[PDB]
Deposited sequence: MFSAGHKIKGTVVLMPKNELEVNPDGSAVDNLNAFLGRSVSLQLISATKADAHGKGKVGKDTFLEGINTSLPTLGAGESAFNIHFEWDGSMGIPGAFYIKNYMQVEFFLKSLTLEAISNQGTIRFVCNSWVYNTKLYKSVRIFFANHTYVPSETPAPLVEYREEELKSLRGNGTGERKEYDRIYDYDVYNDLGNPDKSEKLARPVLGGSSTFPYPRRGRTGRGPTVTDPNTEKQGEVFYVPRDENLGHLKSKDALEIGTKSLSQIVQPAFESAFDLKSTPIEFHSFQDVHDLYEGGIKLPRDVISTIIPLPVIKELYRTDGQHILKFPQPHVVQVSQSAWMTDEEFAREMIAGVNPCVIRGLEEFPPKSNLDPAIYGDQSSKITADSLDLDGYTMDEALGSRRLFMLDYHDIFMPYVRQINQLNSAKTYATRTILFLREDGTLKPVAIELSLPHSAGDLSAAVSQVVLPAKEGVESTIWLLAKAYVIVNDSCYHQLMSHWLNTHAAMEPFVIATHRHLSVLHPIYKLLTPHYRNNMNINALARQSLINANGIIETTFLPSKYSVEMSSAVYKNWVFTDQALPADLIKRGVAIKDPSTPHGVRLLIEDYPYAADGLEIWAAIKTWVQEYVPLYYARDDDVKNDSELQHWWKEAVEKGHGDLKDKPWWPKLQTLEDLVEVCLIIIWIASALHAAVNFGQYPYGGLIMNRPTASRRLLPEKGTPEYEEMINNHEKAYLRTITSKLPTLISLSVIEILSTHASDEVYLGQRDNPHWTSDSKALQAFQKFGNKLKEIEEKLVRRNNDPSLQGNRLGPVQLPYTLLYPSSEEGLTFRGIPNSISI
């Protein structure tokens, strides 16, 4: 006669219970096996919640269980979906429906707003997995209609309760109606400025510029992309807006009123920040102390002091960051371990036009270098010469950056030698400037070599700082923002638009998108906006985001695969006799060696899951959702690069495995490796400066005399000033923290995400393999033979690719997704 059901939900004041009974909430079951005269599954009667189930012992925090009984004869078939209407004023979060007598499970995890706000009734499917040709016939039209609903029609201002996924260009960063100084180029949709697309918000044009989107208080994301949290301390993504809008002005007032020194005077004034702290005006502590997320960043006496946490890089030695050993080691085991390249000729060459920038020949001479007794030909031939090459990347921007008040940079190149002991050593830095006919500046390019004593040691320490300003900027805008956050969002949007929640590839990929659209929208509002966090703390100021567009011109999807990246950079060679198919040229390269282990584990998982759903190549060709998904992801999401010959075609099993593997790698391990080291390495501003403010001084000036007499002040005058340091330390502290509700690689948010037992078994094997790999990585960190590259003189074991972590600022753990 009746099917016993249990509804689990969370009332809004968690992310009383009697209000959900009576006629507050109705469900209707939908048949998967019996259809009406139009081929659509039969729908049951409106059925209301009957009472509160207090008998389950199992429920997670903030959740409540409700009993319900559905009238359903065997003639109606087997339920495969349900409709739900909320007649209450306030939305609730629907977790699940379970039907008994064998069991039928529905994983929902979705906000359900009042019924009058929706243009069609909310629908949820059971947890079975189907490619389109395997959809039971009575569900085929419901499946397609739900995808049409998610796509919308490309027009209208998006509202909080909307679940509409679509694309737009980055035209929402400028604020020209406030000032012409805050106008910014549109990024995307032109040859001049190609860029990934972002989620459409639809607020409409500014009054002064029809091509720029007006400001708004809330930047929309489709509703279920905006993750609630049980603990407000876990809402880390809200910290950037509080930092830009509340905390930053408060810091500014303490400086404007001359209540704290304007500049750091000595390195000890920087160390003080995590020791005794900084003293600020009472009203400034009182502004900062009570805000969620922000209040966790500092310890305080409640009256005048803020104290930052001690960064990992200084926990054993406060001075080791200054060693040449640590500067080079951080290129293979630091915050940004993926830019170094092999160098197979000498001198290094440039592809830029000498008619624009002047002669681009390198002025580093082979004979000046100390290669531990090797000749240059011997170092080149044995594959011991490497570089960190920012010359061609930065040179096109140097003139415009250097015209800003308080910014001055060089376009840098660093030469590295792989010693016989297996560590890297820096051997030269070239500090380059553009030159043209009528230039007003007399500053010249120069080469600086290592030195441990005298004024030459200060010049070398400053040369390292100019390199790390280039590296910091490239890390933040390109390795981190462009290659993870921005590159991924088009694939999120395409997946929801074209793959049904039923689809096996939706189930494979979507855990890897958790919180990504949300943190991106908050970033467009407060991180990468005109006058936002990055522009006010990093070297390029108003040129920062457009630099990332220039770099995107040479972004290649298939070169994001780890083996292809290593081969392209000349840090590994193809070798089919090896287990990973590549031979590393730096044997103990911690990022790459650990990374290959994680890459192989993801590859085995994808290669076991795909054949569960696709028997042959033509099964991939003939999946219409998959074909529409991939066509749109390329031609619209990354559409400014649609003309490029390197995009996989998606007509084979091999191509489907490859595309999925690359997406999962980018979202999980690549993002973790470039994100969770930000405060551990960069929490000491001298180790990771964000900006440089002057060029090297001329002999015979007061600034030159200061390098001799007060080297720490010379350094501190060159790098990021105190006020932007306070703001930038605060933001990287937030971004380096794991929320306690994170879902890590090898985990899913629900154990019943599919009913397919073979898929569940494959996923278990994947999780066990990641535990086995963590044991191996622990043995590598405990191997004294690997100390030089894995720990360095900072004595900081490389744990950034350990799969697991507890909450907090832990320097380890791989989330599924780009979640912060």
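Visitor: Got a list of the deposited-sequence ranges with no coordinates?
Guide: Counting from residue 1, the stretches without coordinates are 1 to 5, 21 to 30, 117 to 120.
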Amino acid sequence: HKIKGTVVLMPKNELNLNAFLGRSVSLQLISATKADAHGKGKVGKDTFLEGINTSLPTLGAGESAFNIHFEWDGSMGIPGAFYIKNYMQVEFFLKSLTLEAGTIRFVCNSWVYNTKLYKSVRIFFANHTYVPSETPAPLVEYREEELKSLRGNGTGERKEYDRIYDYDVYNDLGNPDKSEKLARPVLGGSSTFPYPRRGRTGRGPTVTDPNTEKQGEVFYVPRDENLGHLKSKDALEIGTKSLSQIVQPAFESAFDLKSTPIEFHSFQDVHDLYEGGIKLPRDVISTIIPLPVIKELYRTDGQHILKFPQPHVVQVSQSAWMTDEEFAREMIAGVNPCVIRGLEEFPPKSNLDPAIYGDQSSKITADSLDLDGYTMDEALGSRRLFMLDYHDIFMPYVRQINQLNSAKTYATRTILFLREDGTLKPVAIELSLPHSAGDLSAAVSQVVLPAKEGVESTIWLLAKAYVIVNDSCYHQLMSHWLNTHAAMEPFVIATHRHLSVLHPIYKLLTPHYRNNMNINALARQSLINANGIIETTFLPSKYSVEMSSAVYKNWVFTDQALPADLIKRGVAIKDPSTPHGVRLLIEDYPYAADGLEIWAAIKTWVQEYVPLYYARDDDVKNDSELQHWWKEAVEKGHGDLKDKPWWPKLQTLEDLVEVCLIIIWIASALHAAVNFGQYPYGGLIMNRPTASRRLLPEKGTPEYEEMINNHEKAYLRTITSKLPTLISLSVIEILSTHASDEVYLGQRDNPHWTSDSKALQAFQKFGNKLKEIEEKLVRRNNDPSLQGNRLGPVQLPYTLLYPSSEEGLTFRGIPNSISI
From here on, numbers count along this sequence of modelled residues.
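Visitor: On mean C-alpha B-factor from the PDB entry, just flag whether 135 to 143 or 725 to 733 is the higher one.
Guide: Between 135 to 143 and 725 to 733, it is 135 to 143.
Visitor: With respect to the recorded C-alpha B factors, which stretch has the higher mean value, 119 to 127 or 422 to 430?
Guide: So the stretch with the higher mean C-alpha B-factor is 119 to 127.
Visitor: If I read the C-alpha B-factors straight from the PDB entry, which of 205, 540, 337, 689 is highest?
Guide: That would be 205.
Visitor: Pick out which of 675, 520, 622, 375 has the highest C-alpha B-factor in the PDB entry.
Guide: By C-alpha B-factor in the record, 622 ranks first.
Visitor: Would the CA B-factor of residue 782 place it in the lowest, middle or highest third of its chain?
Guide: For residue 782, the deposited C-alpha B-factor lands in the middle third.
Visitor: Against its chain's modelled residues, does residue 394's Cα B factor rank lowest, middle or highest third?
Guide: Lowest third.
Visitor: In terms of the chain's CA B-factor thirds, is residue 628 lowest, middle or highest?
Guide: Top third by C-alpha B-factor.
Visitor: Compare the C-alpha B factor of residue 274 with those of the other modelled residues in its chain, then answer lowest, middle or highest third.
Guide: Tercile = lowest for this residue's CA B-factor.
Visitor: Residue 719's Cα B-factor: lowest, middle or highest third of the chain?
Guide: According to the entry, residue 719 has a C-alpha B-factor in the chain's lowest third.
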